[PDB]
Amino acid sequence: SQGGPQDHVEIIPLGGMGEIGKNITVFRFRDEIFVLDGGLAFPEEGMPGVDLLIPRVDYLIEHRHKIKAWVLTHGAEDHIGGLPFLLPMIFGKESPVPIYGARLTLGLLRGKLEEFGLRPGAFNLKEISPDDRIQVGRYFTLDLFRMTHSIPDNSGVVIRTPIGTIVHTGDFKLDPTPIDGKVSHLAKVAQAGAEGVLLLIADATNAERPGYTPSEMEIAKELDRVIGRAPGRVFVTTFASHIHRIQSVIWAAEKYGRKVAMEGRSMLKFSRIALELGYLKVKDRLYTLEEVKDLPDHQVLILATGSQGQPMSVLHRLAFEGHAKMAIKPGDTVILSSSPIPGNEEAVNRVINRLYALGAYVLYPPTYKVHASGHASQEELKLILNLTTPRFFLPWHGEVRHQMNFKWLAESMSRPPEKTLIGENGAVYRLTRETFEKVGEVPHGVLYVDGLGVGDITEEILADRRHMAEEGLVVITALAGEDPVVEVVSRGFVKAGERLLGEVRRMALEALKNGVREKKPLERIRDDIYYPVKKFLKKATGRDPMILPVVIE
């Protein structure tokens, strides 16, 4: 370690900037690298078929030997979910590199790795306290600090480098009454700010939300209020990783003499591990859907998936498609212990409307305080800003709107930062004792994943999938022979253009006759058919349908 003008820390976010999911940040000093989380993202913007989204680790594959350790802040999908895809890409089916995480974080990763044909023993999973102090290589001293969020065992991290202090808040809220009674530890954060914070990296999710984010204890009381009032069966949907919320529901069920049943693999995965490691206390046991069937209504509570109106989720199956023993009977109580994520609003709305139609009482925010964001609002963020007083600021875990507002929030403070930068995935930020700026970019992006594997859906597949939905398809079949025949057919094409299909046959027949006379190859006849039919349809319908000219000898 040393200092001066040549010494600097390089921060490279490969995901989680200008967005909410697939968090992965790269920290570099000299010839050493440390990675902060290996996240996953979810779709629904205009992407069909795609199940998951994983960041492009091209920088990590290239520098695979400089990686000294992988540090994980929490066990939620947008922080660990990407790893059983990123790990074999960077190291292969085994690695001695240390993977640091808390009991629940590594407990969840063990299950994730094991289900993908891997062995947890093949990778170096090193358990640490959420408040642990760890050394990474020769240049990084990582001081982890407990922070209240949606999942237990969630941490922030004070990154001590040879040029200055970097405070990373992680995903947080300043919940005074958490469900497990394990409060946010601000000592290290307050000690770091007193030493002096060179750079603060903070959760920007709710930088536009005024006030304070409600406690999980407040939500637990309102869930106990609504469950106790319910007449028959109770159906509760939440995000799968929300162990604390799952606890609040079980507490209520147990308080009213109800037996908890679980449906939906995502939520069954998180709970199995959580219960095993003492993160979920259940006075009785989690019953099967088969066992609960015979029980009377007022003694039944089913915890399930589908809080975002997902097509194959349990709540969707209950509303639309159908389920084995789970049918929405008139009089049922359905609590959506979540909020619609921007883009999944209509999917939640459709399911809610379908549920209501079946005789069920559908409970949800803002009408009933059944959900709180796991992220800090303005008052909690201002507290952190004042506790740290950083020289430089880098808002994270939010979109451009959320980042700009945290920038303004930091500028309205007594001692604002010297400069604030809006973080982008793939950017390379150079950090010295007195400077903080973008210096370049590294290969970045996303990889589309489905049940058939990683990269089974590409950018092209999706790009032309848009073309087909937006404008339609025109398939022209041309026979490059002695007797030429052109047959043109369509699917999802406007009736105005459908009327013009007869002219398309004649349009291509002309181009086919010229292709044979000149004895042009089939690859040149295609382009003699494509382009004129493209300009004809745009000038007659305004549309740009996907024109597929098939040329056979």
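One rule holds for the numbers: they count along the sequence shown, beginning at 1.
Averaged over Cα atoms, the B-factor as recorded in the entry is higher for 455-463 than for the other of 345-353 and 455-463. Comparing 168-176 with 85-93, the stretch with the higher mean C-alpha B-factor in the PDB entry is 85-93. Comparing C-alpha B-factors across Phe145, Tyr287, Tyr100, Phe239 in the deposited entry, the largest value falls on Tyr287. Annotation for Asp58: CA B-factor lies in the middle third of the chain's modelled residues. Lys281: CA B factor lies in the middle third for its chain, per the PDB record.
For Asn124, the recorded CA temperature factor ranks within the middle third of the chain's modelled residues.
In this PDB entry, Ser373 carries a Cα temperature factor that places it within the lowest third of its chain's modelled residues. Residue-level temperature factors show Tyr256 in the middle third of its chain, judged at the C-alpha atom.
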